[PDB]
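A quick write-up on the structure given underneath.
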Amino acid sequence: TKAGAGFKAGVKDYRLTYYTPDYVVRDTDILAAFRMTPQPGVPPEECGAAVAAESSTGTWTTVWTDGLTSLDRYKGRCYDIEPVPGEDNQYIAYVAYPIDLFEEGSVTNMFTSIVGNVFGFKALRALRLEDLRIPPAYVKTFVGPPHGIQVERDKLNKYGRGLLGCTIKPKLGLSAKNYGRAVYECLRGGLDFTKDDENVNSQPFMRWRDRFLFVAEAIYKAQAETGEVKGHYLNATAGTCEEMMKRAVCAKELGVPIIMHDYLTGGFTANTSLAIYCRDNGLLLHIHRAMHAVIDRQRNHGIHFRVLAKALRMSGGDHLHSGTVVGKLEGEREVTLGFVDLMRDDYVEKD
Amino acid sequence: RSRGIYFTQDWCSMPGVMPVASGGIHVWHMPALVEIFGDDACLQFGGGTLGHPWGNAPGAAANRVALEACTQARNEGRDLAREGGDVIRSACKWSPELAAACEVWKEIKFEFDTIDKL
Amino acid sequence: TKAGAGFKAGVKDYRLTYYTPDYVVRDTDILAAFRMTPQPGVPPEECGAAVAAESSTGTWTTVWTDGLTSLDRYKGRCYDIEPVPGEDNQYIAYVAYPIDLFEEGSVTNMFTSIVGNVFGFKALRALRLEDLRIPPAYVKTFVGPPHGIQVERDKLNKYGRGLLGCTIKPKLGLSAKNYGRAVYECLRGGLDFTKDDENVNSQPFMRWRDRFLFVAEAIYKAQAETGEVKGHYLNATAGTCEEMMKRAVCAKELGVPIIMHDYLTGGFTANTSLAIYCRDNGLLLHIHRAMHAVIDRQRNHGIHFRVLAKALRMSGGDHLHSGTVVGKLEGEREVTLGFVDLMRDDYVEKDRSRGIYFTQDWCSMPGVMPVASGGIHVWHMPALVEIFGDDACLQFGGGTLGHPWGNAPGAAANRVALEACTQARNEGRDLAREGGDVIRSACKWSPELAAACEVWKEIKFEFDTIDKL
Amino acid sequence: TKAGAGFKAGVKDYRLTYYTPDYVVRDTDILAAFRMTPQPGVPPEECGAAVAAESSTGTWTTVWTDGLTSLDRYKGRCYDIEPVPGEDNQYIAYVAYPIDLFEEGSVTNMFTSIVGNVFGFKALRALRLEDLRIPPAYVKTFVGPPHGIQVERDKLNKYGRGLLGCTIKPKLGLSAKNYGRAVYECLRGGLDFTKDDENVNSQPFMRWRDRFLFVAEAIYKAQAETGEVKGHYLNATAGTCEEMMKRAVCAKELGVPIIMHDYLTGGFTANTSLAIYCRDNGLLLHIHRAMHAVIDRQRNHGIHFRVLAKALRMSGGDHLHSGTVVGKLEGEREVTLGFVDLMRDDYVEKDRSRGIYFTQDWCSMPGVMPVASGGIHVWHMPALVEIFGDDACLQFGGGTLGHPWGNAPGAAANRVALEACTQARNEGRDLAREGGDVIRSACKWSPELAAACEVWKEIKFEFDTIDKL
Amino acid sequence: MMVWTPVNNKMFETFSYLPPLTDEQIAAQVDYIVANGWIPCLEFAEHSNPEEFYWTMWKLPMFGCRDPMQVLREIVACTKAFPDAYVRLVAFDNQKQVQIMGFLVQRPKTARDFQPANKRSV
Ligand SMILES: O=C(O)[C@@](O)(COP(=O)(O)O)[C@H](O)[C@H](O)COP(=O)(O)O
Ligand SMILES: O=C(O)[C@@](O)(COP(=O)(O)O)[C@H](O)[C@H](O)COP(=O)(O)O
Ligand SMILES: O=C(O)[C@@](O)(COP(=O)(O)O)[C@H](O)[C@H](O)COP(=O)(O)O
Ligand SMILES: [Mg+2]
Ligand SMILES: [Mg+2]
Ligand SMILES: [Mg+2]
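Chains as they are written, first to last, in my numbering: chain U, 249 to 599; chain X, 189 to 306; chain S, 16 to 484; chain D, 16 to 484; chain C, 17 to 138.
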């Protein structure tokens, strides 16, 4: 009749519960790879365990409520730590999250757990989320992209070459009539698409509905002149969900084939709504990645673009900017080739 | 600039947002919290409540007593930056719920080199 | 001063209340014919009474609440039991249900009483519902089919021959763009209809709205090319009523003349809603009977298809699959001719030689178009025209998409074969006897047909029948 | 520079494409176990291949369109065939279906592929779907049960014993006022629940809304009198989705905690809609399995109840009838224990002695409360507690409304019997062996129970089982 | 025919339709908790209404407790501190995360809203 593990109040090391180097990962677990920089005096195992704990079930001191449930079943698990070649204080910490931790179909929820609080812990100096393993059982809970590459090609009747587009310039300051003027002249010369600049929404120099109407006229005139299917990504990015939807609805009513959305500045919750609307109404959805570099530029801290790209794929988009490698914005060749495969392909082997 | 404020900011009567201090705090932090934030804040104790050895209600009581004792002491002219420990120590002796919290987290501090420096 | 009938607690035989062999059935009663196999030691009268009781007002022991109402007024009544010829332990038990037992316009409710619990009673070894007599007073409570045969023909402007359809194949795995491609090539060769496979709903390889849009383009192109009205049954079958309705609404928006629904896997509650929506919006509704053979194959247990067909007619459908008799799926000739009459006609006399246990009066509820589909090809055409006559749709999926020259030639072969048979019949030729000669002559004349004739020349489906009268 | 695989028109054996005995099943495949009876001369491999083909991508002749897609990717695969012990012409054919074949969240679509057409093929004599392996990746696409066992107990604040219910009787024929009268008297004596009979929808003798209002009064009065939470499953089963939803909405407005639906006679499409509405509104959802025995009674043909139960779990239900084993309707012990685990548990290992053909992983989808109902009385209580444990609802309709002293004494007798058995079990008593002693002691103590003990003392239901392993 | 009384006949869920539990019967229930590895807990309240979900927890659930005597001592301690309260013994299963048993071990003495067993019918 001797007592089993009971409630003991007080602080203990996270590693006692959350570092499990013998754990065999389940095929339904969401896996994370964190590039972690511990403060001096913080063992990597404790740092990895703190990250796993505070992105799953744990807090800074022992709580009695754990006993009402099964921590084994729900806890995040730091299951492997590798040193980073060429670094004295960087480690890749691998964390496994049970599928039950996540809301079905919600990128918002997945990010909230995995990147919600842990990046601000005093006990680390830097943290970067490098990659996520999204298991098929979780992937299946998402509507995903409204159409995807093959369906899009079939809807555009375009095959055998890259598609060509073009952002209207100057970024801001053109009237609706001049916007459509520029669009028509662009499209008539052989571009498949033009687009609103990411920051062209609705403004004093050009209100959105004025633009949408002029642009629709330009699409139609260029398509009739060239004999080729044309489009222009009309921006649905807005201050509220209701304005966003109003803009999408107008684009649908005009019969224009494609719209765009800034998924990070608008946000995952809006983006998922929009993608679902685009699925339900046959609208192609172009995704602009505005603000990504705020998050993904630095090697030591943030979230790599490949994760932001996986998240977009799940939330939903027909296009997503990938970088150029050779143009004015950064994107190393091998890094880019990797996430392009992650964006387009069905099955991508570790590499 | 000594507080990171690069521009004078005029909010033209747009309502103020209540700051919420939360994350790894407990009863011994109470004087510092009241001193930093003043009354217009919410102070949150998750582990600092559900981690109390007697359960949630005693945990809550300990936090509420600590806050009230600090608030009273401040109103009385006491310097919480300097005498904050004394206020908590007095309150621990008076309230058995608080005393239990005082004992459990007595040694617990979070002091590390700051990344986000001015 | 002495007491009349009071409450007496305890178990007594069902037959004491529910076997009424002198009952004169009323013209508003719903009648059922059950093929019943009692357990050893259970008298057929008690078995029939138990079935009547537990599908109407009764349970296993006496309840005091009977006294608050009138059991005479409400009880189901086993009013007749006949032994089955050639069987030592099978009986047809006839049960009469007062019209008050049933919710107006609800097939779901009628099935719930009549087939709800009784098939699982330990006291029987097997039970099969063979037939139902739906009285005009109950029939009149149903909206029924959205259009029916005559209205359908008027809406399609098609007269004087069987309709021709075709399921796109492979069943699953085609993209939306390829689905519409196949559909255009099929329709342009002379088929009136193509269709989604019963299981083509919305899937990773092809999402429904993508399909709906490409199919609408295909319909329009084939109609403009041939100068004949075309359609394709877009599948509204879905996981929820809301998704089902979304699909039907999109089809309507696109102006496509016809949709389909799998009434048994979707269910009677969803199907009735969809039929009403189709009536309200002038959409033709094709009904697929997926799952029926799970229920209706075996002679000793389940529900005969003729009952499933009556239920569909009531719930609502413009077309319903009827079997082919000669194709890859089972359906005996006489059994089939019986329920075809029950599907199409206004008044069908009792005829046990065709499995019709009750005279059925449909009181002008519209007739449902039988659809013969499954493993049929050009050589079957004379037999099909002979069995069904003009008021049918004959569907050739493999028999179109399996043509060596492709879909349009495949369609043309089927259309020529149908028209040749139709002409021959109209001229006085006996298709049952001279059908081979009609097809052979047509093969010599039409190269598209010839190619079909050669490929499927030896192909027959002839097996021992399970569902025998 | 030779030609690779091209289009060749005509018929070939299904086994050439669809029998793959070396296939390694994927963790995302849906697996099916079919009990298959081939026609004479049809090799079992060709029969299994035909079933796999015509429930996935194939038809009766070769189609050119296969070449546009990848049949390897999409085809169903008969990957194993085992002979059935004790049978010369029965085989278990195992078929693997790629997850891509299925519409997410749609039981309707799953059934349409797997059981849609194959049961009617002339080339087989009988077919029975015994089991399905639903992979976690597919399970995850379903909303599932509105609440499930743990959440239900939390919402009712009921712990430590089986729940007790009761179908009002007579089945049909009572007025709304008398329905509520019976309900109040039942609930006040100690039952947790009463319910509409499966076929009580809306009828000339009692309109649904009149009933709902009176039953709500009865629930409230019994709850106030006893101090225990009460409910009554108000039937939302209807002829159309719109009527069904109207009924659910009214129950919600009344604040009654629980409704019921007949999932098979209403159908999966309606049921899934209703389940989602119940999740969105906090309504407990009792599922009646009316019509299941039409499908699931016979060993040689149909669908086993365990598959119909898995399908309900996916579509959504808080309760589902499970049989009693010992009552008036069939259900063999081991078969029942097997599907009870499949209904309630998170992870169920393959166990052929209980009819479990595949290991089933429910990946945290909520468990469904089994409801034992039909011809049971106080003497059955020890057996029921022994079979089901606490996570079940035990229903006594006739066993309550058949009590010589009326409904409240009847309810009291059942509640005393359940509590005595529960106590005895907790104390270490073996209910399988000492159950009679527990009831006999309880009868001597409680005059209400004694009266029930006496009336039903001799009453048993023991018959040869049809649905044997 | 006996008539089940509607008057002052309140019930309190599991075991209320049985004779009042003896000390030996309560102890047997506690043995059942321990044998099954469940978590014992005490809860109490001034009043008991069917509409009211939560009662007040006595201390904390007895995590790791495998000693029936310890449980019985907490019953004594809880009822001593609240001699006029409803008190119930419950047990939790952390695997299914649900309460798995529960019954009253004390009612207020001032309560006359329930009947002795032989006064439930007239
Ligand atoms: O998830 C947590 O760790 C907390 O619930 C605190 O828990 P404890 O009270 O148990 O510490 C808060 O959400 C953090 O304070 C968020 O960080 P911040 O306030 O910096 O945004
Ligand atoms: O899925 C099929 O097999 C079909 O598309 C036929 O394809 P083929 O034209 O290629 O044979 C039909 O749906 C069946 O006829 C249904 O059976 P039934 O009409 O008996 O209900
Ligand atoms: O109509 C009936 O017979 C019942 O109301 C029971 O009444 P009694 O309580 O009076 O027997 C139940 O619906 C059946 O038990 C259903 O069968 P199952 O649970 O096997 O699906
Ligand atoms: Mg730009
Ligand atoms: Mg088909
Ligand atoms: Mg019933």
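Where is the CB? At the ideal position from N, CA and C, for every residue including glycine.
Contact list for residue i against chain C, beta-carbon separation under 9 Å
i: D/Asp169; result: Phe69, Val114, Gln115
Counted within 10 angstroms of its Cβ, other Cβ atoms place residue i as buried (16 or more) or exposed
i: D/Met380; result: buried
i: S/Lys210; result: buried
i: C/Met85; result: exposed
i: U/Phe453; result: exposed
i: C/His63; result: exposed
i: X/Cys200; result: exposed
Residue i beta carbon near ligand 6 (any heavy atom closer than 7 Å)
i: D/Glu213; result: yes
i: D/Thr415; result: no
Contact test: residue i Cβ vs ligand 3 heavy atom, cutoff 7 Å
i: S/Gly195; result: no
Unbroken alpha helix (DSSP H) run spanning residue i, endpoints
i: X/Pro246; result: 244-263
i: U/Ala499; result: 489-502
i: D/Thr280; result: 278-281
i: D/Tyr199; result: 191-203
i: D/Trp471; result: 462-471
i: D/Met396; result: 396-403
i: U/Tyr267; result: Note, U/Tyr267: premise wrong, no alpha helix (DSSP H); not H, not E.
i: S/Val322; result: 320-330
Any non-hydrogen atom of ligand 5 closer than 7 Å to residue i Cβ
i: S/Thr182; result: yes
i: D/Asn132; result: yes
First and last residue of the uninterrupted beta strand (DSSP E) at residue i
i: D/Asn250; result: 246-250
i: S/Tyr109; result: 106-112
i: S/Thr241; result: Looking at the DSSP string, S/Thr241 is not in any beta strand (DSSP E); the run it does join, the alpha helix (DSSP H), is 223-241.
i: S/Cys408; result: 408-410
i: U/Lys443; result: 441-443
Partners in chain X for residue i, counting only beta-carbon separations shorter than 9 Å
i: C/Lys75; result: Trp242, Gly243
Contacts of residue i in chain X (Cβ-Cβ under 7 Å)
i: U/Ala371; result: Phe300
8 Å Cβ cut-off: residues of chain X touching residue i
i: U/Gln287; result: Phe300, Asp301
Per-residue contacts from residue i into chain D (C-beta, under 7 Å)
i: S/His316; result: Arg312, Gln313
Contact set between residue i and chain U, taken where Cβ atoms lie within less than 8 Å
i: S/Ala191; result: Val399, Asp402
Distance cut-off 7 Å: residue i Cβ against heavy atoms of ligand 2
i: S/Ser388; result: yes
Neighbouring residues, chain U, relative to residue i (Cβ below 7 Å)
i: X/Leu238; result: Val311, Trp312, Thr313
Counting Cβ pairs closer than 8 Å, one from the region 121-132 of chain D and one from the region 278-287 of chain S, do we hit at least three?
With the cut-off at 8 Å, the region 121-132 of chain D and the region 278-287 of chain S touch.
How about the region 254-267 of chain U and the region 302-313 of chain U: do they share at least three Cβ pairs that are nearer than 8 Å?
Contact holds: three or more Cβ-Cβ distances are below 8 Å.
Inter-stretch contact (C-beta, 8 Å, three-pair minimum) for the region 441-456 of chain S and the region 224-231 of chain S
Using a Cβ-Cβ distance cut-off of 8 Å, the region 441-456 of chain S and the region 224-231 of chain S are not in contact, since fewer than three pairs of beta carbons, one from each stretch, lie closer than that value.
Pair every Cβ in the region 291-299 of chain X with every Cβ in the region 244-262 of chain X, then say whether three or more of these pairs are closer than 8 Å.
With a cut-off of 8 Å, the region 244-262 of chain X and the region 291-299 of chain X do not count as touching, because too few Cβ pairs lie within range.
So does the region 60-69 of chain S actually touch the region 175-183 of chain D, counting three or more Cβ pairs closer than 8 Å?
No contact exists between the region 60-69 of chain S and the region 175-183 of chain D.
So does the region 321-338 of chain S actually touch the region 353-365 of chain S, counting three or more Cβ pairs closer than 8 Å?
Touching, yes.
Three-pair Cβ contact test at 8 Å for the region 187-196 of chain S versus the region 393-404 of chain U:
The region 187-196 of chain S, when compared against the region 393-404 of chain U, does touch it at the 8 Å Cβ threshold.
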